[PDB]
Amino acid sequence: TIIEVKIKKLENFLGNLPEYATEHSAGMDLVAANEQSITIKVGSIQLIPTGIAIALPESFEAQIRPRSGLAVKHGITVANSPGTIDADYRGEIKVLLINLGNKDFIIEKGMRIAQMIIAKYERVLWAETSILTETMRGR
């Protein structure tokens, strides 16, 4: 199942629109679009802009997830993972990276920093009740 998503390139965008590595990949690589280098000191969190804004169709969301390689090699991961991009968000997509490694890490424009996976969500209608069914799991 294919979904069309509108996407706007911002002033800082470069290159191809976010790409899937292979034809069956779940996620697109997000690329740092910071106009000046950003150093993430050990233990710190930095916001990295991506230079895109998107308009997801109704009932969909985008998830900002880590690239395993950055975590393995440098202890860099997504601080709010999985980051939720809502279908009515019209701002620049931002990636929050934390440095949990042992050396300061420089984020340069063009680096692959996260992946973005699009998935369906369901909107909840609450049915308030005073008792829930019992299950084999329980409380």
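Don't overthink the numbering: it's just position in the shown sequence, from 1.
As the entry records it, the average C-alpha temperature factor is higher for 16-24, out of 16-24 and 118-126.
Taking the PDB entry as given, 66-74 carries the higher mean Cα B factor of the two stretches 91-99 and 66-74. For the set 47, 30, 106, 56, the PDB entry assigns the largest Cα B-factor to 106. Comparing the C-alpha B-factors of 79, 113, 85, 42 in the entry, the top value falls on 42.
Placement of the Cα temperature factor of residue 2 within the chain: highest third of the modelled residues, per the deposited record.
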